[PDB]
Amino acid sequence: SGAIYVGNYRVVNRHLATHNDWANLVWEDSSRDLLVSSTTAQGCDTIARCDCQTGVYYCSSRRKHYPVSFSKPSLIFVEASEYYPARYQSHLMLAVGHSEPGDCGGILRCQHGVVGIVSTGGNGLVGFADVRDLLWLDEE
Ligand SMILES: Cn1cnc(CCNC(=O)c2nn(C)c3ccccc23)c1
Ligand SMILES: [Zn+2]
């Protein structure tokens with residue numbers, strides 16, 4: 001679990017969105033595994049606006065933050081689980097690191113701010129949903 005709180009927005013994995021998120025919806029995209037809802041209070045996270053490929057992510061299944069090198073956002077064919085079908089996920093970055101399904105929502109950050117959130121992984125892979133292109137998160 002986990003979210004980004006920037007301005008009056010809450011950014012979560014689309015597959016973990018609550019009824020309150022859907023009832024206060026700003027934007028959602030299934031191909032990216034992202035959903036954004038509106039908040040009453042202002043958040044403290046800042047979004048990175050950069051092309052960093054090194055940063056640190058939070059892993060809830062280890063209570064630890066790990067430094068990682070990650071790929072540029074791309075369209076990767078994903079994993080067919082017994083929970084979910086196999087499909088193309090867009091704007092996805094991969095790194096070598098531990099993850100479990102419940103780690104989704106953990107933040108990946110660089111020197112500039114928040115880069116994205118945990119969304120895919122396995123066999124020592126963790127994939128993150130990028131948010132650096134969503135410029136509108138910084139206003140309105
Ligand atoms: C519809 N839908 C779109 N996206 C999803 C979530 C897909 N994520 C996973 O299945 C998953 N996520 N992490 C970090 C893992 C680590 C090990 C094994 C599996 C996973 C569902
Ligand atoms: Zn950066």
# chains A, B, ... in the order shown; residues from 1 in each chain; ligands from 1

$ residues_near_ligand --ligand "ligand 2" --cutoff "7 Å" --atoms "only C-alpha atoms and all ligand atoms" --output "list in words"
residues 48, 49, 50, 51, 52, 110, 111, 112 and 113 of chain A

$ write_last_selection --atoms "N, CA, C and O atoms" --output "CSV table (one decimal), in the first residue's frame"
chain,number,residue,atom,x,y,z
A,48,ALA,N,9.4,15.0,-8.9
A,48,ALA,CA,10.6,15.2,-9.6
A,48,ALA,C,10.3,15.5,-11.1
A,48,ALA,O,9.4,14.9,-11.7
A,49,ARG,N,11.1,16.5,-11.7
A,49,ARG,CA,10.9,16.8,-13.1
A,49,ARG,C,12.4,16.7,-13.6
A,49,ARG,O,13.1,17.7,-13.6
A,50,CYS,N,12.7,15.5,-14.2
A,50,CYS,CA,14.1,15.1,-14.5
A,50,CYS,C,14.1,13.8,-15.4
A,50,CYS,O,13.1,13.2,-15.5
A,51,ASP,N,15.3,13.4,-15.7
A,51,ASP,CA,15.5,12.1,-16.4
A,51,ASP,C,16.4,11.2,-15.6
A,51,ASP,O,17.2,10.4,-16.1
A,52,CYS,N,16.4,11.3,-14.2
A,52,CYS,CA,17.3,10.5,-13.3
A,52,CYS,C,17.0,9.0,-13.6
A,52,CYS,O,15.9,8.6,-13.9
A,110,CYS,N,14.2,10.5,-6.2
A,110,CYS,CA,15.6,10.9,-6.6
A,110,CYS,C,15.9,12.2,-5.9
A,110,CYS,O,15.2,12.7,-5.0
A,111,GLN,N,17.1,12.9,-6.2
A,111,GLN,CA,17.4,14.2,-5.7
A,111,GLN,C,16.4,15.3,-5.9
A,111,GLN,O,16.3,16.2,-5.2
A,112,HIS,N,15.6,15.1,-7.0
A,112,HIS,CA,14.6,16.1,-7.4
A,112,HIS,C,13.2,16.0,-6.7
A,112,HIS,O,12.4,16.9,-6.8
A,113,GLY,N,12.9,14.8,-6.2
A,113,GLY,CA,11.6,14.5,-5.6
A,113,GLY,C,11.1,13.1,-5.9
A,113,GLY,O,11.9,12.2,-6.2

$ residues_near_ligand --ligand "ligand 1" --cutoff "9 Å" --atoms "only C-alpha atoms and all ligand atoms" --output "ChimeraX atom specification"
/A:13-16,30-34,78-81,83-85,87,89,98-105,118-128

$ write_last_selection --atoms "N, CA and C atoms" --output "mmCIF file, in the first residue's frame"
data_model
loop_
_atom_site.group_PDB
_atom_site.id
_atom_site.type_symbol
_atom_site.label_atom_id
_atom_site.label_comp_id
_atom_site.auth_asym_id
_atom_site.auth_seq_id
_atom_site.Cartn_x
_atom_site.Cartn_y
_atom_site.Cartn_z
ATOM 1 N N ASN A 13 -1.965 3.372 -6.707
ATOM 2 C CA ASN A 13 -2.081 2.346 -7.758
ATOM 3 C C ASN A 13 -3.577 2.201 -8.093
ATOM 4 N N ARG A 14 -3.935 2.171 -9.376
ATOM 5 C CA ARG A 14 -5.360 2.053 -9.743
ATOM 6 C C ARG A 14 -5.973 0.791 -9.116
ATOM 7 N N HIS A 15 -5.177 -0.313 -9.051
ATOM 8 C CA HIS A 15 -5.742 -1.574 -8.532
ATOM 9 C C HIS A 15 -6.000 -1.565 -7.021
ATOM 10 N N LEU A 16 -5.463 -0.566 -6.288
ATOM 11 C CA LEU A 16 -5.643 -0.398 -4.836
ATOM 12 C C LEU A 16 -6.551 0.794 -4.476
ATOM 13 N N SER A 30 -5.729 2.655 -16.726
ATOM 14 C CA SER A 30 -5.462 1.241 -16.477
ATOM 15 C C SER A 30 -4.154 0.771 -17.101
ATOM 16 N N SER A 31 -3.793 1.313 -18.285
ATOM 17 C CA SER A 31 -2.513 0.897 -18.908
ATOM 18 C C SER A 31 -1.290 1.311 -18.059
ATOM 19 N N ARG A 32 -1.433 2.340 -17.217
ATOM 20 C CA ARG A 32 -0.341 2.785 -16.341
ATOM 21 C C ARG A 32 -0.452 2.292 -14.894
ATOM 22 N N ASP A 33 -1.601 1.672 -14.515
ATOM 23 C CA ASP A 33 -1.884 1.295 -13.134
ATOM 24 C C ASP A 33 -1.888 2.525 -12.224
ATOM 25 N N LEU A 34 -2.438 3.682 -12.713
ATOM 26 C CA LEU A 34 -2.456 4.881 -11.876
ATOM 27 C C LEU A 34 -3.879 5.426 -11.709
ATOM 28 N N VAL A 78 3.910 -7.358 -19.379
ATOM 29 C CA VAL A 78 3.931 -7.707 -17.939
ATOM 30 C C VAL A 78 3.718 -9.189 -17.612
ATOM 31 N N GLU A 79 3.447 -9.485 -16.323
ATOM 32 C CA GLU A 79 3.382 -10.911 -15.898
ATOM 33 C C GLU A 79 2.002 -11.429 -15.817
ATOM 34 N N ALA A 80 1.769 -12.630 -16.357
ATOM 35 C CA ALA A 80 0.439 -13.255 -16.088
ATOM 36 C C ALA A 80 0.416 -13.967 -14.726
ATOM 37 N N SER A 81 -0.160 -13.366 -13.668
ATOM 38 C CA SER A 81 -0.335 -13.965 -12.312
ATOM 39 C C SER A 81 -1.554 -14.924 -12.228
ATOM 40 N N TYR A 83 -3.975 -13.850 -10.370
ATOM 41 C CA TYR A 83 -4.653 -12.807 -9.627
ATOM 42 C C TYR A 83 -4.990 -11.906 -10.798
ATOM 43 N N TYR A 84 -4.038 -11.810 -11.705
ATOM 44 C CA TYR A 84 -4.222 -10.912 -12.889
ATOM 45 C C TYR A 84 -3.709 -11.432 -14.220
ATOM 46 N N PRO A 85 -4.445 -11.147 -15.303
ATOM 47 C CA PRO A 85 -4.012 -11.453 -16.667
ATOM 48 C C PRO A 85 -2.664 -10.896 -17.095
ATOM 49 N N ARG A 87 -0.400 -8.430 -19.651
ATOM 50 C CA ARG A 87 -0.753 -7.252 -20.466
ATOM 51 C C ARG A 87 0.411 -6.264 -20.634
ATOM 52 N N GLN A 89 2.064 -2.826 -19.936
ATOM 53 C CA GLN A 89 1.900 -1.682 -19.052
ATOM 54 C C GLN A 89 2.773 -0.566 -19.611
ATOM 55 N N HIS A 98 13.981 -6.370 -4.348
ATOM 56 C CA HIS A 98 12.940 -7.201 -3.799
ATOM 57 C C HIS A 98 11.593 -6.493 -3.819
ATOM 58 N N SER A 99 10.569 -7.243 -4.139
ATOM 59 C CA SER A 99 9.223 -6.787 -4.023
ATOM 60 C C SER A 99 8.268 -7.967 -3.899
ATOM 61 N N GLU A 100 7.121 -7.682 -3.276
ATOM 62 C CA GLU A 100 5.967 -8.578 -3.079
ATOM 63 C C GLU A 100 4.708 -7.762 -3.438
ATOM 64 N N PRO A 101 3.577 -8.419 -3.725
ATOM 65 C CA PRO A 101 2.388 -7.652 -4.189
ATOM 66 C C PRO A 101 1.994 -6.471 -3.311
ATOM 67 N N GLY A 102 2.069 -6.649 -1.999
ATOM 68 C CA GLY A 102 1.736 -5.613 -1.022
ATOM 69 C C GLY A 102 2.708 -4.446 -0.964
ATOM 70 N N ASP A 103 3.860 -4.569 -1.625
ATOM 71 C CA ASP A 103 4.811 -3.434 -1.712
ATOM 72 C C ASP A 103 4.326 -2.348 -2.666
ATOM 73 N N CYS A 104 3.291 -2.622 -3.484
ATOM 74 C CA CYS A 104 2.731 -1.593 -4.395
ATOM 75 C C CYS A 104 2.359 -0.334 -3.621
ATOM 76 N N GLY A 105 2.726 0.836 -4.143
ATOM 77 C CA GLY A 105 2.457 2.091 -3.450
ATOM 78 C C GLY A 105 3.694 2.723 -2.832
ATOM 79 N N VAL A 118 5.605 1.881 -6.623
ATOM 80 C CA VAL A 118 5.697 0.423 -6.930
ATOM 81 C C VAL A 118 4.384 -0.074 -7.586
ATOM 82 N N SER A 119 4.458 -0.880 -8.627
ATOM 83 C CA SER A 119 3.293 -1.351 -9.436
ATOM 84 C C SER A 119 3.497 -2.811 -9.901
ATOM 85 N N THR A 120 4.697 -3.223 -10.344
ATOM 86 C CA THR A 120 4.964 -4.605 -10.917
ATOM 87 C C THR A 120 6.242 -5.212 -10.299
ATOM 88 N N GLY A 121 6.521 -6.518 -10.485
ATOM 89 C CA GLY A 121 7.794 -7.089 -9.981
ATOM 90 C C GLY A 121 7.864 -8.617 -9.932
ATOM 91 N N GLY A 122 8.930 -9.117 -9.322
ATOM 92 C CA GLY A 122 9.038 -10.577 -9.176
ATOM 93 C C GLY A 122 10.417 -11.084 -9.508
ATOM 94 N N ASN A 123 10.729 -12.243 -8.992
ATOM 95 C CA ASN A 123 12.052 -12.864 -9.268
ATOM 96 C C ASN A 123 13.162 -11.795 -9.198
ATOM 97 N N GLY A 124 13.083 -10.876 -8.233
ATOM 98 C CA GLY A 124 14.143 -9.882 -7.979
ATOM 99 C C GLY A 124 13.944 -8.690 -8.879
ATOM 100 N N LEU A 125 12.746 -8.573 -9.456
ATOM 101 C CA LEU A 125 12.424 -7.365 -10.243
ATOM 102 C C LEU A 125 11.383 -6.525 -9.483
ATOM 103 N N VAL A 126 11.462 -5.228 -9.614
ATOM 104 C CA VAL A 126 10.406 -4.348 -9.063
ATOM 105 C C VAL A 126 10.212 -3.304 -10.149
ATOM 106 N N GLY A 127 8.970 -3.038 -10.432
ATOM 107 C CA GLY A 127 8.675 -2.049 -11.472
ATOM 108 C C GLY A 127 7.933 -0.880 -10.884
ATOM 109 N N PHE A 128 8.214 0.270 -11.437
ATOM 110 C CA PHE A 128 7.574 1.430 -10.813
ATOM 111 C C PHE A 128 6.759 2.166 -11.866
#

$ residues_around --residues "segment 62-66 of chain A" --least-positions-apart "2" --cutoff "12 Å" --atoms "only C-alpha atoms" --output "ChimeraX atom specification"
/A:54-60,68-70,95-100,102-103,106-110,126

$ write_last_selection --atoms "C-alpha atoms" --output "short mmCIF file (atom, residue, chain, number, x, y, z; two decimals), in the first residue's frame"
data_model
loop_
_atom_site.label_atom_id
_atom_site.label_comp_id
_atom_site.auth_asym_id
_atom_site.auth_seq_id
_atom_site.Cartn_x
_atom_site.Cartn_y
_atom_site.Cartn_z
CA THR A 54 19.20 6.35 -9.98
CA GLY A 55 17.18 6.80 -6.82
CA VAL A 56 15.82 5.07 -3.69
CA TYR A 57 12.57 3.11 -3.18
CA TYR A 58 10.65 2.04 -0.07
CA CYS A 59 10.06 -1.75 0.32
CA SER A 60 7.32 -2.45 2.93
CA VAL A 68 18.53 1.37 -7.22
CA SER A 69 19.37 2.03 -10.87
CA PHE A 70 16.18 1.94 -12.98
CA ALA A 95 15.06 -2.14 -11.35
CA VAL A 96 16.73 -5.08 -9.58
CA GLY A 97 15.23 -5.34 -6.12
CA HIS A 98 12.94 -7.20 -3.80
CA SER A 99 9.22 -6.79 -4.02
CA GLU A 100 5.97 -8.58 -3.08
CA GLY A 102 1.74 -5.61 -1.02
CA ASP A 103 4.81 -3.43 -1.71
CA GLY A 106 5.99 2.47 -2.09
CA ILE A 107 7.69 5.64 -3.34
CA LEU A 108 10.69 5.76 -5.70
CA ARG A 109 12.52 9.15 -5.25
CA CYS A 110 15.61 10.92 -6.57
CA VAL A 126 10.41 -4.35 -9.06
#

$ select_by_dssp --residues "chain A" --states "alpha helix (DSSP H)" --output "PyMOL selection string"
chain A and resi 19-23

$ closest_residue --among "A:29, A:40, A:11, A:67" --to "residue 91 of chain A" --atoms "only C-alpha atoms"
A:29

$ closest_residue --among "A:117, A:93, A:6, A:26" --to "residue 139 of chain A" --atoms "only C-alpha atoms"
A:6

$ atom_distance --atom1 "atom CA of residue 137 of chain A" --atom2 "atom CA of residue 61 of chain A"
28.3 Å

$ atom_distance --atom1 "atom CA of residue 94 of chain A" --atom2 "atom CA of residue 129 of chain A"
9.3 Å

$ atom_distance --atom1 "atom CA of residue 131 of chain A" --atom2 "atom CA of residue 116 of chain A"
5.2 Å

$ residues_around --residues "residue 23 of chain A" --least-positions-apart "4" --cutoff "10 Å" --atoms "only C-alpha atoms" --output "PyMOL selection string"
chain A and resi 18-19+37-38

$ write_last_selection --atoms "N, CA, C and O atoms" --output "PDB file, in the first residue's frame"
ATOM      1  N   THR A  18      -9.584   3.098  -3.440  1.00  0.00           N
ATOM      2  CA  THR A  18     -10.728   2.836  -2.560  1.00  0.00           C
ATOM      3  C   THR A  18     -12.015   3.428  -3.176  1.00  0.00           C
ATOM      4  O   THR A  18     -11.956   4.153  -4.190  1.00  0.00           O
ATOM      5  N   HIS A  19     -13.203   3.148  -2.569  1.00  0.00           N
ATOM      6  CA  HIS A  19     -14.447   3.756  -3.050  1.00  0.00           C
ATOM      7  C   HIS A  19     -14.346   5.284  -2.946  1.00  0.00           C
ATOM      8  O   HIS A  19     -14.772   5.976  -3.860  1.00  0.00           O
ATOM      9  N   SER A  37      -6.968  10.982  -7.102  1.00  0.00           N
ATOM     10  CA  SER A  37      -8.187  11.517  -6.488  1.00  0.00           C
ATOM     11  C   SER A  37      -7.909  12.855  -5.809  1.00  0.00           C
ATOM     12  O   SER A  37      -6.752  13.249  -5.589  1.00  0.00           O
ATOM     13  N   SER A  38      -8.990  13.611  -5.521  1.00  0.00           N
ATOM     14  CA  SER A  38      -8.834  14.927  -4.873  1.00  0.00           C
ATOM     15  C   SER A  38      -8.831  14.809  -3.343  1.00  0.00           C
ATOM     16  O   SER A  38      -9.473  13.896  -2.779  1.00  0.00           O
TER      17      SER A  38
END

$ select_by_dssp --residues "segment 92-137 of chain A" --states "strand (DSSP E or B)" --output "list in words"
residues 92, 93, 94, 95, 96, 107, 108, 109, 110, 113, 114, 115, 116, 117, 118, 119, 120, 121, 122, 125, 126, 127, 128, 129 and 130 of chain A
